[PDB]
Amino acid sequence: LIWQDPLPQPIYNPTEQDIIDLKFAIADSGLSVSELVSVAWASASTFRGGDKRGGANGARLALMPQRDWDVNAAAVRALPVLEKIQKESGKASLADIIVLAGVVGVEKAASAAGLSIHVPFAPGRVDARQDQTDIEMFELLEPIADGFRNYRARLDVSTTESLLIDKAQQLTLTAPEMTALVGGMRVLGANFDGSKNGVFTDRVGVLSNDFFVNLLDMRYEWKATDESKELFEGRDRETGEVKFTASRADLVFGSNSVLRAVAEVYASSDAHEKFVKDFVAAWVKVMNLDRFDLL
């Protein structure tokens, strides 16, 4: 109430066939699944329930300061291309198109998992100007951790796994939603980083449930590499090969009572369809967190 971030009147109004031409422009753009999903996730995940600031509306991912955040350094590499596309289409905002990109990325992911879901998209976002994006006040929002992206700074404040809860609650996520969300993001190759931490799959960019299966496989022994236990390795008990690395955000999903009961739904033989759905559902939740006009 006391601080609101201004947004401009929409200068665009895409029809359902604009959108579809846009999805096909993004699809033919050269951006990988992981680049698509990263740029969208990085737009949307600034949301803070209650305060209601941040979110994907306004494309402030493209503005200062978010554009310089360490968390975003890889996500932001996608913007030149998406910008070029928004400008040549002229049917929709950078904001709407950063999100649509995530949408193309998830569906493309899911159709490699030999799935075929449609990711609900909601048009209408506008682009904020730098002048409606107060630097000092979005500075407060730079995240200390985003376990959805396996990002973690300032190792002396609180803990990696507690910051995961905090983050998820900020986005108003339920436990299954965080869960679905984390396991999806891992397999789509959306760490903030190049890290392979938690990327438990041979096929990155396939929206599989590998994260959950591999997470709970007794074939794998997990051990901290050093006294901080910020980094683990999953060694294959058979071959003795180090197959996987993991952070605390990855592994808390197998240590915690509640998170674990959820990961086994999703590691279940028959669960793929259930997880993909739940991912898409939680995915669209985050994308739309700030879409007040719509509700």
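One-based numbering along the sequence shown.
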If you average the Cα B factors in the entry, which is higher, 17-25 or 282-290? 17-25
Which of the two stretches, 260-268 or 40-48, shows the higher mean Cα temperature factor in the record? 260-268
Out of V182, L188, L82, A112, which one has a C-alpha B factor higher than all the others in the entry? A112
Top residue by Cα temperature factor, when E107, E177, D96, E161 are compared in the entry: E107
Tertile call for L141 (CA temperature factor, within chain, third-based) is the middle
Comparing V103 with the other modelled residues of its chain, is its CA B-factor in the lowest, middle or highest third? middle
Which third of the chain holds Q66 when residues are ordered by C-alpha B factor: lowest, middle or highest? middle
Using the B-factors in the PDB entry, rank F200's C-alpha atom against the chain and give the third, lowest, middle or highest. lowest
For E238, return the chain-relative third of its C-alpha B-factor as stated in the PDB record: lowest, middle or highest. highest
